[PDB]
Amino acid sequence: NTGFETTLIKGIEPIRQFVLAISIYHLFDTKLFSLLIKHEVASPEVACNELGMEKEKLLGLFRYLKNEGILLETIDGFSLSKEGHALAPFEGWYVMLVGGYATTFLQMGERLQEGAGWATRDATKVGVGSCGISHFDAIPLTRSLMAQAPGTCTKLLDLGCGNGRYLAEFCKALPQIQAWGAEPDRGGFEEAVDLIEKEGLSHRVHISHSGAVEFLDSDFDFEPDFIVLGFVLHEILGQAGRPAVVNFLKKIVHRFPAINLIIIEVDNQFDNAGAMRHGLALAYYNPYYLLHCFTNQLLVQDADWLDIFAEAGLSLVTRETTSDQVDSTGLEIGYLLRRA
């Protein structure tokens, strides 16, 4: 086995990073990251008393993270290194892809078998995580499209709202807005009620435990002038089919003829060689397309969505992609539509 060790260190580099990604996810999810930001330096004993943890297990996680350069160790205790501090904006990606979809990727081997069904996910962490990401890409994109509409937003409806971050950010920036969010996952719904309460927006924002299609079939007198469907239609498309998506969009404009619809979707370019060599396409969109083949969701192309909108009796006001400072792939597309 001459020279085997050097080949082994490169050969298992994905395993080294696999354990690191899980450990970074727990550092955020358990509140240890925010505790280390607050305390600056914290001994295992102090962190255990504050979060109700066991010393020997916490010291093991801290020693592991110190060896990887995420933490520093002084006589007073452990602290986040400069590299560890720099992880702070990316929390949403770890919570969504590790917390939400680790079980989904681990189920791929068994779900490949004929008739084994769709892989499950932790929809609470998917909702919380994707909402954390939307602060950088989907919320600024929704704002740009809202500004180009022929009317001002007063009553906003967000279906598939996750933990309610889109509504929290839009309501703080636009104090006149009255909003209603709906989230089908119970864990995500409870996170949304808590985030709205924490931000002091319960008097202006209501949250319902409901799916997008059943919300439109339910009875209510609220008359929204804007509806946000952020990464919701591809779930309906996979679960119920294309005629169900067309009928869902027809029901929105039948019930609310003057509404403005803002739809955000990911253009499926999984088999586009050039698009998949972009650094962000390889880091995020390649595993995103993979998880969509194993779950009851279906991503389609930009032209396929425009065809669906035409069939549902909608007219396109404009369409845009995200800022090239956060995501320059051109794969995240936002559409502003009205009744034709």
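The first residue of the shown sequence is 1; numbering continues from there.
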Taking the deposited Cα B-factors and averaging over 319-327 and over 16-24, the higher mean is found in 319-327
Average Cα temperature factor in the PDB entry - higher stretch of 206-214, 262-270
206-214
Residue with highest C-alpha B-factor in the PDB entry, from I196, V232, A102, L71
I196
Among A147, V126, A88, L141 - the residue whose C-alpha B-factor is largest in the record
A147
Ordered by C-alpha B-factor within the chain, which third holds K55? Give me lowest, middle or highest, please.
highest
How does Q178 rank on Cα B-factor within its chain, lowest, middle or highest third?
highest
CA B-factor placement of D302, once the chain's modelled residues are sorted into thirds
middle
Considering only modelled residues of the same chain, in which third does the CA B-factor of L337 rank: lowest, middle or highest?
middle
Relative C-alpha B-factor of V98, binned into the chain's lowest, middle or highest third
lowest
